[PDB]
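Heads up: the structure comes next, in structure tokens.
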Amino acid sequence: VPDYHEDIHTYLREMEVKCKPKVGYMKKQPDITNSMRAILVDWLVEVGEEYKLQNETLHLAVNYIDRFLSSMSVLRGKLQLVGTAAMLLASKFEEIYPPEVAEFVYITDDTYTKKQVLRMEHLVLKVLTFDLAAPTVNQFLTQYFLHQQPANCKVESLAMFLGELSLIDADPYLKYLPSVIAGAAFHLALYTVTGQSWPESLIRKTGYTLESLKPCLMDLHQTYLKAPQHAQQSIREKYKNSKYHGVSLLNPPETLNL
Amino acid sequence: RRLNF
Amino acid sequence: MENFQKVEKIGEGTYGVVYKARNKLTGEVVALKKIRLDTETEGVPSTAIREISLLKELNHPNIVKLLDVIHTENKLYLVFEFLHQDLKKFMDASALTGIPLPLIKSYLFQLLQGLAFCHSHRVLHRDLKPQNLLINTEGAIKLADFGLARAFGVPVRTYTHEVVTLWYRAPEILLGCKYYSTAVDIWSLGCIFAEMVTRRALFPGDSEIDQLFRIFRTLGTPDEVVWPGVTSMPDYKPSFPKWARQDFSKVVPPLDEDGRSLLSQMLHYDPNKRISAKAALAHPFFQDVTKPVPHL
């Protein structure tokens, strides 16, 4: 029952401030780099497809990674190990039956051992202090989709699509909260399918004006336009599926009409 | 896949 | 674990060997959920991940405090406040005379308060039952065992084959609903309320389909009027017998008109119309609520 809708939003807004990575964490990482982090995240999208994991699992996995890499320096040789263990943790939290650990060892082409995956798991829980219930863009989108007039499945899928692309690139997107990226994506996907705009329903709900959204939105617009030319492409391939109304076909609007 | 970084 | 003496085992669950233990330094008595934890095979189990992460966020008088987590090489110890028995044990002991009405009201009020807190913090309990409710000697009761508890920031896809426990299972689960909602916690809590009053399970069915039919026998078979969409559920069958509501007053004799109203709203068929924990706190059944102590 939407008796909790408002409490849950407010709570999620409170909790998303506590689960915020450091923004300049990549710059303080001596061996790893934003471009390698895109490779990892893109890989994890492919892992989600292979094992038919929820989108939320993937969103949770990437939150764990950014927070991990905020306290802990990690070497390229070991960045995949952090990601694997994050997906396992995400899967344990979010899905009904997670893939066995063995499967997670497999998807790295036995580059890491099972013991190593399991003991990095336990290291991610120490650094995160078991704080796994992190709000994500996916969660905020779901809350926003209740305020659509009318329900539009193309807009939802495309909003999900855009949300995912924001995982790939820390370069702009770590500065924005999951609720703001979700607001940008909802608007961008709404604008792209119908030409409509961030509804006044969600302006009062979130307290975000279209204009407060505009920095993140412009960034998200650039990413949408450049998406075909992007080195990483696991997400476009994902949303090419009819599961998703092939929204990653739909032609991005060359202007935002701001 | 082993990731080449 | 240097500073904990083990005193005795006091039951198990998920993870197991829940011990009574006493802190040698502060003198506090706690419970020690010690998690075996497969060093090579599976890792930290999904039930530990859920419980620990969800309880950390839930600080309420009516939810068991996780006091510490202790993370060694090959063991993971959970430390909770101690509570010396659970509702099930307390009902079997109190089978014969009854748990007195004033105490049932206190207990349901508190449980509703704990549930309201979880639900407002986007957390479903999923497995509410008298074993998983803990009481102390000063009249308090608390939600325990969050190992199946889920965060519903996104709606929580249900298990195809429910693992959770037949007697306290909502009709929407039984009928194959795609998602849980807060409602399922209400339904369980309603069954437990009934159970405390009558000294026996409201709907003690022996298979999934017998569970449904026991519910339908009592509350009447649901149709679209009561429950929009029921005929559309995956496990719904036109061949289901149509029973008529029986006298709610004869389902829970000791309860008065306020108690029956509340129970009948927690046992509504439609998740959407079923009362939340928040609204159930406003219900006039709680107008004379006190906090008596149990005789354990």
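Going down the list, the sequences are from chains B, E and A.
The end of the first sequence is residue 432 by PDB author numbering, with every number in the run present.
The end of the second sequence is residue 504 by PDB author numbering, with every number in the run present.
The end of the third sequence is residue 296 by PDB author numbering, with every number in the run present.
All C-beta atoms, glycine included, are put in the ideal place defined by N, C-alpha and C.
When the beta-carbon positions are compared, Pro292(A) and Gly139(A) come within less than 7 Å of each other.
Interface annotation for the segment 277 to 303 of chain B against chain E: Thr282, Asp283 and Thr285, criterion Cβ-Cβ distance under 7 Å. Beta-carbon to beta-carbon, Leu315(B) and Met294(B) are separated by about 30 Å, too far to satisfy the 8 Å threshold.
Assignment of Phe152(A) by DSSP, reduced to helix, strand and coil, places it in the coil class. Membership of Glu190(B) in the alpha helix (DSSP H) is indicated by the continuous run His179 to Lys192. Our two residues, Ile63(A) and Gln131(A), have alpha carbons roughly 14 Å apart in a direct line.
For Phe4(A), the enclosing beta strand (DSSP E) begins and ends at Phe4 to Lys9.
Take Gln5(A), set aside five residues on each side of it, and the residues of its chain with a beta-carbon closer than 7 Å to its own are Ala21, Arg22 and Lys24, in chain order. A residue is called buried once 16 or more other Cβ atoms fall within 10 Å of its Cβ, and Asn425(B), having fewer, is exposed. Where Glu224(B) is concerned, the enclosing alpha helix (DSSP H) starts and stops at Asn208 to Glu224. Judged by DSSP secondary structure, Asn23(A) falls within the beta strand (DSSP E) whose first and last residues are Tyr19 to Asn23.
Interface flag for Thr380(B) against chain A is unset, since no Cβ pair is found closer than 7 Å. For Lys278(A), the nearest CB of chain B lies under 7 Å from its own CB, placing it at the interface with that chain. Residue pairing from DSSP places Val29(A) in a beta bridge opposite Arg22(A). In the DSSP assignment, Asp68(A) falls within the beta strand (DSSP E) that extends over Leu66 to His71. Contact with chain B is found for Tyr159(A), since one of that chain's Cβ atoms lies less than 7 Å from the residue's Cβ. Taking CB atoms only, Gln406(B) has no neighbour in chain E less than 7 Å away. By the criterion of a C-beta distance shorter than 8 Å, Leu281(A) is surrounded in its chain by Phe109, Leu112, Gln113 and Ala116, once the five residues flanking it on both sides are discounted. Taken in chain order, the whole alpha helix (DSSP H) runs of length 4 or more contained in the segment 339 to 397 of chain B are 344 to 347, 352 to 368 and 374 to 380. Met1(A) sits exposed, since fewer than 16 C-beta atoms from the chains shown fall within 10 Å of its C-beta.
Looking from the CA of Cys191(A), the closest CA among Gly259(A), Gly27(A) and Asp38(A) belongs to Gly259(A). Taking the CA atoms as reference points, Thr165(A) sits about 37 Å from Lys412(B).
Residue state for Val184(A) is assigned as helix, using DSSP reduced to three classes. For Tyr179(A), the three-state secondary structure derived from DSSP is strand. Per the coordinates, the alpha-carbon of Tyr168(A) lies some 24 Å from the alpha-carbon of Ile49(A).
Chain-order list of chain A residues neighbouring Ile270(B): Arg157 and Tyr159, by C-beta distance under 7 Å. Judged by DSSP in its simplified three-state form, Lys400(B) adopts helix. If you look at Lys142(A), you'll find it isn't in any alpha helix (DSSP H); it sits in the beta strand (DSSP E) that goes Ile141 to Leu143. Under the three-state reduction of DSSP, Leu227(B) is assigned to coil, being neither helix nor strand. Secondary-structure assignment with DSSP links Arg36(A) through no beta bridge to anything. Among the CB atoms of chain A, one or more fall inside 7 Å of the CB of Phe267(B). Secondary structure note for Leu255(B): it is in no beta strand (DSSP E), and the uninterrupted alpha helix (DSSP H) holding it is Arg250 to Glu268. Listed as beta-bridge partners of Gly43(A) by DSSP are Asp38(A). A residue is called buried once 16 or more other Cβ atoms fall within 10 Å of its Cβ, and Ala183(A) is buried on that count.
Using a CB distance cut-off of 7 Å, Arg250(B) counts as an interface residue toward chain E. With a threshold of 16 other beta carbon atoms within 10 Å, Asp288(A) falls short and is exposed.
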